[PDB]
Novice: 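My structure is below; once you've seen it, I'll send some questions.
Keep in mind that the numbers below use all heavy atoms, side chains included, and drop hydrogens, waters and symmetry copies. We name chains A, B, ... by the order of the sequence lines, and we start the count at 1 in each one.
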Amino acid sequence: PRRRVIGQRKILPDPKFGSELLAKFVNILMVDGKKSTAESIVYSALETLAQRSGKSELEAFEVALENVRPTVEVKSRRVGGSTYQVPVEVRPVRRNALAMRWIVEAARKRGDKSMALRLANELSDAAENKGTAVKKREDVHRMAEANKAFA
Amino acid sequence: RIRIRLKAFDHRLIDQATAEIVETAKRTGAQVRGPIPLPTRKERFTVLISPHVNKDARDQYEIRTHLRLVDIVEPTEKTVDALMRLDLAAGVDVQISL
Amino acid sequence: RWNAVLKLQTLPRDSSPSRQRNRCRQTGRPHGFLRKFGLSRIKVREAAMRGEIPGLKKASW
Amino acid sequence: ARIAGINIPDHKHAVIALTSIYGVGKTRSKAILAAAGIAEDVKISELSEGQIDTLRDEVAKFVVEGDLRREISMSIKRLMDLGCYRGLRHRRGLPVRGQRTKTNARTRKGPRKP
Amino acid sequence: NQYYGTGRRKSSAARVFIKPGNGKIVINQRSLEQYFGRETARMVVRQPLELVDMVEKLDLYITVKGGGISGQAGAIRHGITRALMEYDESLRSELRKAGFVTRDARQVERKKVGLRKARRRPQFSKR
Amino acid sequence: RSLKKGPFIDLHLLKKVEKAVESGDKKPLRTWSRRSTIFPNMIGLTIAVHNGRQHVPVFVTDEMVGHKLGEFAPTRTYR
RNA sequence: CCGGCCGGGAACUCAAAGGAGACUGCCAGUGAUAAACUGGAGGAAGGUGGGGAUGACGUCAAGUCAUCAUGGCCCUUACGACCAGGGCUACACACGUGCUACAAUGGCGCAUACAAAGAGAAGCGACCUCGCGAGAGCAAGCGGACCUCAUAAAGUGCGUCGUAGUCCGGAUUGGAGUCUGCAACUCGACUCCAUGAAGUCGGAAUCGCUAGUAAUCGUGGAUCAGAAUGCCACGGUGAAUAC
Ligand SMILES: [Mg+2]
Ligand SMILES: [Mg+2]
Ligand SMILES: [Mg+2]
Ligand SMILES: [Mg+2]
Ligand SMILES: [Mg+2]
Ligand SMILES: [Mg+2]
Ligand SMILES: [Mg+2]
Ligand SMILES: [Mg+2]
Ligand SMILES: [Mg+2]
Ligand SMILES: [Mg+2]
Ligand SMILES: [Mg+2]
Ligand SMILES: [Mg+2]
Ligand SMILES: [Mg+2]
Ligand SMILES: [Mg+2]
Ligand SMILES: [Mg+2]
Ligand SMILES: [Mg+2]
Ligand SMILES: [Mg+2]
């Protein structure tokens, strides 16, 4: 907005696992307003990732999200002239949501078998740092530190 | 036994008609279950407003058909037949049935 | 068919409901008509806003 | 094999295999398979030849392939020669069932042209 | 003894009858687990009788009508929340912090004139 | 093909069929009724069908069974 | 006959009449001590709670002489009146608003869930019989919380397809049918069999939406003998982001 402060309530924690981040991930991954399909797909991918990596269930995806989160983002700014890519500081929640969106879109663009396996593959290659989410992730880091004096 | 239904458009006029019916029925006899609210019909209409073009200009109207039900199982007939024909029902629709 | 019974169409083809248009009653408009009040959009509203039609009220559900 | 046809529906399920043949749809294929008393999920090619013979005989009972093609084509030229209103639209090329030719009639007229 | 709670959410009226004993949940004269509980309100119906006490402490009989999956889920949750008068209202102090006592007044918004659903305004050409 | 289970024919047009058959083909008969159905009772006959301004003659044949009288009357004019 | 169906009762859902409640009201802090602002408590609902109706003085010689009325002008052996057919449905192109798709968060088969709001007397039309079908015969009940339209679809439980112009996609087209109506050819709707184009996410450019919102899934109503992807209207699932 422009005058009134806003803030959204907190979605319910993810069923059984109780992961608020996982509940937010199903929100982002949701399509056409169908939580059942999103929940089934996320659980299938989560168990596949856990059994493939030999890691636990809760933090197996936490590692990938930690390793695919950025630090600064370029904001199109033009005070006197044309557009300047001015990098800025990323808020905590904004960083988390941006990494989550990156993972979801990276899984979207794949074609391996189906969402259940594509999400697991994205998580694995994000843990390893050889995926496409990470490939897009390093771009902001390389484009940072361009124009500081401007604001 | 004898079930009576009253229809009108106003909510308080039907209430006073039902009050008159029940008061006369209890005076002349007994065994009155009182009026029953039952659903109320909401006939909804919408009409274009401008006499030419201007499709967006519309007006919404609604008619509230209120309905009341009251039944009596009085044994004696000389009370019900006397109750009939003496009541104007506050000038709204009313029906007699068994 | 059964014999020439169908051919008995010598009627002026006016009694058939298809011939009647069911226009308005005060002025007469082919369009903007409703069965309930038997008038047409415009006229209806005039009556409702003037308070002629019983039980008609603005809808604000 | 061609199964009283020309197409070789290999490594494919029964109903789809017979659907791949001209002049036969899903319902007609269901009729053929049920009459032949063959399972539906079993592949046509993986099946034994004793049943392919019965399928040949069963399929030969309906008008299909070039026979049906010529039958339907002959009707077109016939309604063209009759001079019917429904037929003289074919010679020009445009909707004949009564669609609107002003727009959304490009499927039968082909891509646009100035 | 018997204890009653109404429960409502999106024109989804419930009826919850809590009582002592160590029985199971019953919704619509039938088991919730039989009625697809593992995804239908998998952990919505059994919210209120988790935080304050254990599930296997009070028998109950629920029956809800009208609504959908989440409609029934929320209606039963609200009814149970307002059906835990086992000992005074000391538990409502804790349930207030969790926010389960208040219902969800949010409802489907009517369809306006000149719009498609409620706020989908038909697109216009040029400006 | 469609339209119930039986054909329809006009009566003041059905008055001309019997005369035409009894007296043989003499000349096409001018009429307006674009409703009658080519029934076998017409091989070897010519009928003039109205289109609005002029009555176009048309000769009936053997393979016009499911085709109506007004069918062979082009009302759309093109360049 | 273990079906709320039958004795009964009215607690409860619910239905419809009347009331209570929310008013910055009680506290803390900020503020020229005032208005007011921030926060907390209580409370189902905290700050005109959500939504609708409600549209100031005026502008655009904005729209309607065609809804109707009306000043002036004109026709009145025709610019009036009756009828058949035709036309408003044309079609080398362009634009606007929509529907259906390009598929695996899917398609198909079996099973199986959970809703609201409406109409019904030349009308809604159970059940039963015939038909692969649109439908036909019989035809109770219902001027209505009773009967009918009317077994909501998404959803979930199993099996199949395994990434292709395909079991996606349905236009076009041929044959055969159902049904309203004096009348389905110009020019209607629906059904059965067959064929199965384009289309594999879309340039410049541009549109809506901040919470039950958007997104997507069904149902109804008016006009109406027979007609919706349009208009009006009800509900299910249900987000992301506002520095
Ligand atoms: Mg008509
Ligand atoms: Mg006049
Ligand atoms: Mg519009
Ligand atoms: Mg909706
Ligand atoms: Mg407060
Ligand atoms: Mg006001
Ligand atoms: Mg002007
Ligand atoms: Mg003008
Ligand atoms: Mg005429
Ligand atoms: Mg027109
Ligand atoms: Mg048409
Ligand atoms: Mg399909
Ligand atoms: Mg109707
Ligand atoms: Mg009703
Ligand atoms: Mg077909
Ligand atoms: Mg493809
Ligand atoms: Mg109709």
Novice: Hey, are B:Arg64 and B:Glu62 close enough for a salt bridge, meaning a charged N less than 4.0 Å from a carboxylate O?
Specialist: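 Here B:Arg64 pairs with B:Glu62 in a salt bridge, since their nearest N and O are under 4.0 Å apart.
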Novice: Just checking D:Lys109: base, sugar-phosphate only, or nothing, at a heavy-atom cut-off of under 4.0 Å?
Specialist: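 D:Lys109: backbone/sugar contact only, no base atoms under 4.0 Å.
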Novice: Whole Å only: how far is the NZ atom of E:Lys10 from the P atom of G:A117?
Specialist: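 Going from E:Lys10 (NZ) to G:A117 (P), I get 15 Å.
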Novice: Does OP1 or OP2 of G:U64 have a side-chain N or O of B:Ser50 closer than 4.0 Å?
Specialist: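 The answer is no; no side-chain N or O of B:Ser50 sits under 4.0 Å from OP1 or OP2.
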Novice: Between B:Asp59 and B:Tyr61, does the side chain to side chain donor-acceptor pair (under 3.5 Å) criterion hold? Intermediate values first, please.
Specialist: CA-CA 7 Å; B:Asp59 223 332; B:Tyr61 302 96; 3.2 Å; yes
Novice: What distance, rounded to whole Å, do you find between the two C1' atoms, one in G:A222 and one in G:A113?
Specialist: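 So the two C1' atoms sit 34 Å from each other.
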Novice: Base, sugar-phosphate, or nothing: which does D:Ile21 touch, judged by heavy atoms less than 4.0 Å apart?
Specialist: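 Counting heavy atoms under 4.0 Å across all strands, the contact made by D:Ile21 is with sugar-phosphate only.
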Novice: North or south: where does the sugar of G:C95 fall when you read the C1'-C2'-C3'-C4' torsion?
Specialist: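 Of the two classes, G:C95 takes north, because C1'-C2'-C3'-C4' is positive.
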Novice: Contact list please: residues 14-23 of chain C against RNA chain G, heavy atoms, distance less than 4.0 Å, in numerical order.
Specialist: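 Under 4.0 Å from RNA chain G: C:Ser16, C:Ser18, C:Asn22.
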Novice: Under a 4.5 Å cut-off applied to non-hydrogen side-chain atoms, are E:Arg119 and E:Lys117 in contact?
Specialist: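 Result no, sub-4.5 Å side-chain heavy-atom pair not found.
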Novice: Both distances below 3.5 Å, Watson-Crick or wobble geometry, any strand: find the nucleotide opposite G:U160.
Specialist: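 Matched G:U160 with G:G107 under the 3.5 Å cut-off.
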Novice: Determine which nucleotide pairs with G:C231, using a 3.5 Å limit on both distances of a Watson-Crick or G-U wobble pair.
Specialist: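 Base partner found: G:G221.
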Novice: Between G:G49 and G:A152, how far apart are the P atoms? Round to whole Å, please.
Specialist: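 Comparing P positions in G:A152 and G:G49 gives a spacing of 39 Å.
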Novice: Expressed as a whole number of angstroms, how long is the span from C:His31:NE2 to G:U67:P?
Specialist: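 Nearest whole value for this atom pair: 12 Å.
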Novice: Would you say the rings of F:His67 and F:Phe72 are close, in the sense that their centroids are separated by under 6.0 Å?
Specialist: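 Distance test on ring centres: under 6.0 Å, yes.
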Novice: Out of G:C207, G:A15, G:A242, which nucleotide sits closest to the side chain of A:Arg91?
Specialist: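 Output: G:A242.
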Novice: For B:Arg3 and D:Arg89, find the nucleotide of RNA chain G closest to each by heavy atoms; which residue's nucleotide sits nearer the 5' end?
Specialist: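 Final value for this comparison: D:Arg89.
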Novice: Pick base, sugar-phosphate or nothing for B:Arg41, based on heavy-atom distances below 4.0 Å to the nucleic acid.
Specialist: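 Contact class for B:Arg41: sugar-phosphate only.
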Novice: If we ignore hydrogens and angles and just use 3.5 Å, is the side chain of C:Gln20 paired with the main-chain N or O of C:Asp14 as donor and acceptor?
Specialist: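 Judged by distance alone, yes, a pair lies under 3.5 Å.
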Novice: Would you please classify the geometry between the B:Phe45 ring and the C:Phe37 ring as parallel, tilted or perpendicular, with 30° and 60° separating the classes?
Specialist: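 It falls in the tilted class, 30° to 60°.
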Novice: To the side chain of E:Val108, which of G:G235, G:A53, G:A115 is closest?
Specialist: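 The closest nucleotide is G:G235.
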Novice: Pick north or south for the sugar of G:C147; the rule is positive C1'-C2'-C3'-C4' for north, negative for south.
Specialist: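 G:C147 falls in the north pucker range.
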Novice: Whole-Å distance between G:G144 P and B:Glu43 CD?
Specialist: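 Spelled out: CD on B:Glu43 to P on G:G144 is 13 Å.
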Novice: Is G:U195 paired to anything, Watson-Crick or G-U wobble with both distances less than 3.5 Å, and if yes, which nucleotide?
Specialist: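 Result: none.
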Novice: How is the sugar of G:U13 puckered by the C1'-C2'-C3'-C4' sign, north or south?
Specialist: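 It is north, as the sign of the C1'-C2'-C3'-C4' dihedral turns out positive.
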Novice: Specify the separation, in whole Å, of atom NZ of B:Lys42 and atom P of G:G118.
Specialist: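 Between P of G:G118 and NZ of B:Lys42: 7 Å.
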Novice: Nearest nucleotide by nearest heavy atom, which residue falls closer to the 5' end of RNA chain G, E:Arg30 or E:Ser12?
Specialist: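 Looking at RNA chain G, the more 5' nearest nucleotide goes with E:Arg30.
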Novice: When you measure from the side-chain N and O atoms of A:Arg4 to the phosphate of G:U38, is any distance below 4.0 Å, counting only OP1 and OP2?
Specialist: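 For G:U38, OP1 or OP2 has a side-chain N or O of A:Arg4 closer than 4.0 Å.
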Novice: For nucleotides G:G221 and G:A121, find the distance between their P atoms and express it as a whole number of Å.
Specialist: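 It comes out at 13 Å once rounded to the nearest Å.
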Novice: Could you tell me whether the side chains of F:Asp10 and F:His12 share a donor-acceptor contact shorter than 3.5 Å?
Specialist: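 A donor-acceptor contact under 3.5 Å links the two side chains.
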Novice: With a 6.0 Å cut-off on the ring centroids, do E:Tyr4 and E:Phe17 count as close?
Specialist: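 Between E:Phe17 and E:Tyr4, which both carry aromatic rings, the centre distance is below 6.0 Å.
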Novice: Categorize F:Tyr78 for me: base, sugar-phosphate, or nothing, with a 4.0 angstrom heavy-atom threshold over every strand shown.
Specialist: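 Sugar-phosphate contact only.
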Novice: With distance as the sole test, does A:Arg77 use its side chain to make a donor-acceptor pair with the main-chain N or O of A:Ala151 at under 3.5 Å?
Specialist: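 Present.
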Novice: Mind checking whether G:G72 and G:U206 form a Watson-Crick or G-U wobble pair, both distances under 3.5 Å?
Specialist: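 Pair flag for G:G72 and G:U206 is false.
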Novice: May I ask you to say what D:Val24 touches in the nucleic acid, namely base, sugar-phosphate or nothing, with a heavy-atom cut-off under 4.0 Å?
Specialist: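 Sugar-phosphate contact only - D:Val24 comes under 4.0 Å of backbone atoms but never of a base.
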Novice: Report yes or no: is there a donor-acceptor pair, N or O only, under 3.5 Å between the side chain of E:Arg15 and the base of G:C12?
Specialist: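 Indeed there is one.
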Novice: What integer number of Å spans the P atoms of G:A61 and G:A66?
Specialist: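 Between the two P atoms, the distance is 24 Å.
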Novice: Does the side chain of E:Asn28 come within less than 4.5 Å of E:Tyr35's, by heavy atoms?
Specialist: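 Not touching, per the 4.5 Å side-chain cut-off.
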Novice: State, without any angle test, whether E:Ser12 and E:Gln72 hold a side-chain donor-acceptor pair at a distance under 3.5 Å.
Specialist: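 E:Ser12 vs E:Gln72: no donor-acceptor pair found between side chains.
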Novice: Could you give the distance separating G:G55 and G:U59 at their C1' atoms, to the nearest angstrom?
Specialist: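 Straight-line distance between the two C1' atoms is 15 Å.
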Novice: Using a strict threshold of under 4.0 Å (side-chain N to carboxylate O), is an ion pair present between E:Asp104 and E:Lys10?
Specialist: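 A salt bridge is absent here (no side-chain N lies under 4.0 Å from a carboxylate O).
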Novice: Distance between the P atoms of G:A153 and G:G109, in whole angstroms?
Specialist: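 Those two atoms are separated by 15 Å.
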Novice: What is the nucleic acid contact for B:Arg5, judged by heavy atoms within less than 4.0 Å: base, sugar-phosphate only, or nothing?
Specialist: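 Counting heavy atoms under 4.0 Å across all strands, the contact made by B:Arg5 is with sugar-phosphate only.
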Novice: Ignoring hydrogens and angles, does a donor from either the side chain of D:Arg86 or the base of G:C185 sit under 3.5 Å from an acceptor on the other?
Specialist: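 Looking at the base of G:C185, it does not pair with any donor or acceptor on the side chain of D:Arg86 (distance under 3.5 Å).
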Novice: Could you measure between the two P atoms, the one in G:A94 and the one in G:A194, and give it in whole Å?
Specialist: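 About 37 Å, rounded to a whole number of Å.
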Novice: Is it true that G:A78 and G:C79 stack, with six-membered ring centres under 5.5 angstrom apart and planes under 30°?
Specialist: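 Per the 5.5 Å and 30° rule, G:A78 does not stack on G:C79.
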Novice: In whole Å, what is the span from the CD atom of A:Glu39 to the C1' atom of G:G238?
Specialist: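 Value for this atom pair: 14 Å.
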Novice: Measure CD/D:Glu71 against P/G:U195 and give the value in whole Å, please.
Specialist: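 Rounding to the nearest Å, CD of D:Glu71 and P of G:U195 are 15 Å apart.
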Novice: When the distance from CZ of C:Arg13 to P of G:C83 is rounded to whole Å, what number comes out?
Specialist: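 It is 10 Å, rounded to the nearest whole Å.
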Novice: With a 3.5 Å cut-off and heavy atoms only, can you find an N or O donor on one side and an acceptor on the other between the side chain of C:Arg35 and the base of G:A222?
Specialist: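 Check fails, no donor-acceptor contact within cut-off.
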Novice: Going strictly by the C1'-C2'-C3'-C4' torsion (positive north, negative south), how would you label G:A66?
Specialist: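 Since its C1'-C2'-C3'-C4' torsion is negative, the sugar of G:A66 is on the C2'-endo, or south, side.
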Novice: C1' atom, G:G238 versus G:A154: distance in rounded Å?
Specialist: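 G:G238 and G:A154 have their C1' atoms separated by 12 Å.
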Novice: With the sugar-phosphate defined as primed atoms, P, OP1 and OP2, and the base as all remaining atoms, what B/S/- string results for nucleotides 147-166 of chain G, 5' to 3', for protein heavy atoms under 4.0 Å?
Specialist: -------BSB---S-BB---
Novice: Please classify the nucleic acid contact of C:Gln26 as base, sugar-phosphate, or nothing, using heavy-atom distances under 4.0 Å.
Specialist: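 No contact.
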Novice: What I want to check is whether an N or O donor and acceptor connect the side chain of E:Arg106 with the base of G:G238 at under 3.5 Å.
Specialist: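 For E:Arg106, whose side chain was compared with the base of G:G238, there is no donor-acceptor pair (under 3.5 Å).
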Novice: With rounding to the nearest 0.5 Å, note down the distance linking CZ in B:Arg44 to CD1 in B:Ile63.
Specialist: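 The distance works out to 12.0 Å.
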Novice: Based on the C1'-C2'-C3'-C4' dihedral, does G:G143 have a north or a south sugar?
Specialist: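 Sugar pucker of G:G143 - south, given that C1'-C2'-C3'-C4' is below zero.
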Novice: Can you find a donor-acceptor N/O pair under 3.5 angstrom joining the side chain of F:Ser2 to the base of G:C179?
Specialist: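 By the distance-only test, yes, there is a pair.
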Novice: Using atom NE2 of B:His66 as one end and atom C1' of G:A17 as the other, report the distance to the nearest whole Å.
Specialist: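 Value for this atom pair: 10 Å.
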Novice: Look at the side chain of F:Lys68 against the base of G:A183 and say whether a donor-acceptor pair falls under 3.5 Å; ignore hydrogens and angles.
Specialist: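 Counting by modelled atom types and ignoring angles, no donor-acceptor contact under 3.5 Å is found here.
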Novice: Looking for any heavy atom pair under 4.0 Å, which part of the strands does E:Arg119 touch: base, sugar-phosphate only, or nothing?
Specialist: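 Sugar-phosphate contact only - E:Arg119 comes under 4.0 Å of backbone atoms but never of a base.
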Novice: Checking base pairs now: Watson-Crick or wobble, both atom distances under 3.5 Å. What partners G:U237?
Specialist: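 G:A215 is the nucleotide pairing with G:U237.
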